[PDB]
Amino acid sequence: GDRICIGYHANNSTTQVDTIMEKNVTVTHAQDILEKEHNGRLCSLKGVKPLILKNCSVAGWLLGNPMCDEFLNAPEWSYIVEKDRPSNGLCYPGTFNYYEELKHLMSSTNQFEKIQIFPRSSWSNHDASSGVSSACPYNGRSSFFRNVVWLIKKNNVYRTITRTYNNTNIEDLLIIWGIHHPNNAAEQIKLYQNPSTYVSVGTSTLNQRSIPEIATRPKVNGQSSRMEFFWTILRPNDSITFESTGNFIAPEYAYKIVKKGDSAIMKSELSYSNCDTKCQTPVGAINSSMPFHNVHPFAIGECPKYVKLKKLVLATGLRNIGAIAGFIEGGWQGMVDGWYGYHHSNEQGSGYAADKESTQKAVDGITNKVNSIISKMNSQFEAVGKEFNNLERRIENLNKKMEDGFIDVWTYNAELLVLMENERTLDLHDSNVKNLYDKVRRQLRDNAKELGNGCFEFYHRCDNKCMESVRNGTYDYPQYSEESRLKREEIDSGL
């Protein structure tokens, strides 16, 4: 005979959530925060295309391997794409000193302008056209690196070369040259006649006199000789001088470094698509709305933080209890707008009014706890691409263990935070429904019988508007004091 109940929300949700102590708990509202799909393509970064080297490697492109395409337009890029094992590199076999350190410098570089420092037609005293090879073909012919000039003896003499370029520009200059290492002393004379030659080069900060290491080697790409290349950055206002009496592989073209910034060299086997992203990975681009992904560790752009987990979901509301009577027995499918509320049961009432003011105290402190934990990972470890030669293995592994180390550390930090605050989310829900109960029972005191299912029966009487009397905190015990006590002492001596 006349009731009021404390209860909480329940709905059709089946999304599940974990804590430290429980797995797979059905909750009423949750929020996935792990991105796990990608679009499988290479795309532009916010309107800036990558440089897709195709089957060419970085050396192939910079040296001008005849099978590689130059970028005459001087386009800026957002990153650079190189296949894992590019097929078009040093078509003429050899080595490329500090190649990896250079590939690294590329990673902070967004735009080149190729310029001419020594035109091919200016080597008056030597042969600048016979320097081609079956190893570097072009349309079936013998050709050569398009940016360096293989210099050959003219009419049986190699006059000593001394040429200098003064960097009048304001940008750094990337300059590449090399030296030729023949098979045998016959070939040395056949090509440069001087039996004993050097390639010397000087700047403010660079000092190197290179000599030819004649030796007998197996044939790569048809050649048993070798060409070894060098590089350096000529600073603004500085100058560079090459002196050679032979074997010199001369620069024609240098690269003006005209834009630096966030960039990268991505190893990927994919080609281009009409496509834009904010976050790009080697196997595809990412819809960067979630704060965490597990697609690939080497993502670049404005990206979610990478974590090694199959799932990462935060709890937002109650557990999903149908559930009857008061809150002791579970949730109310019949309460729709609010997480915690009550239920009119008078001689005319229907029920199910929510306590707006502790549900928007709730949806306030959880919506604020959600961003506060995301931002807690703003400074999470983003991994960076880097390469290493076959005698840099210790530092490669070092680099690999430090990037795995942090990925594991932040994977754990994120799993634990979600698990911990998920437990703190559900326990919070258990606290407000119990504290809702307590405000009404510290209101209705003697005047009301508390049933232990989560509901109260009144010894006095209360219409619809005395039910708002107790829902508001506005209830007045003396406004029914005398009535109520007169009506339970009648049960004390009742039936």
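Don't overthink the numbering: it's just position in the shown sequence, from 1.
Per the record, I321 and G322 are separated by 4 to 9 deposited residues that are missing from the model. When 366-374 is weighed against 181-189, 366-374 comes out higher, by mean CA B-factor as recorded in the entry. Taking the mean C-alpha B-factor of each stretch as recorded, 265-273 and 404-412 are not equal, and the higher mean is that of 265-273. Set against one another, the Cα B-factors of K439, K54, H38, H429 in the record reach their highest point at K439.
Of the candidates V132, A315, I286, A353, the one whose C-alpha carries the top B factor in the deposited record is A353. In the deposited entry, the Cα temperature factor of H343 sits in the top third of values across the chain's modelled residues. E228: CA B factor in the lowest third of modelled residues in this chain (values from the PDB entry).
Ranked by C-alpha B-factor against the other modelled residues of its chain, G326 falls in the highest third. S107: CA B factor in the lowest third of modelled residues in this chain (values from the PDB entry). Per the PDB record, residue ranking by Cα B-factor puts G301 in the lowest third of the chain.
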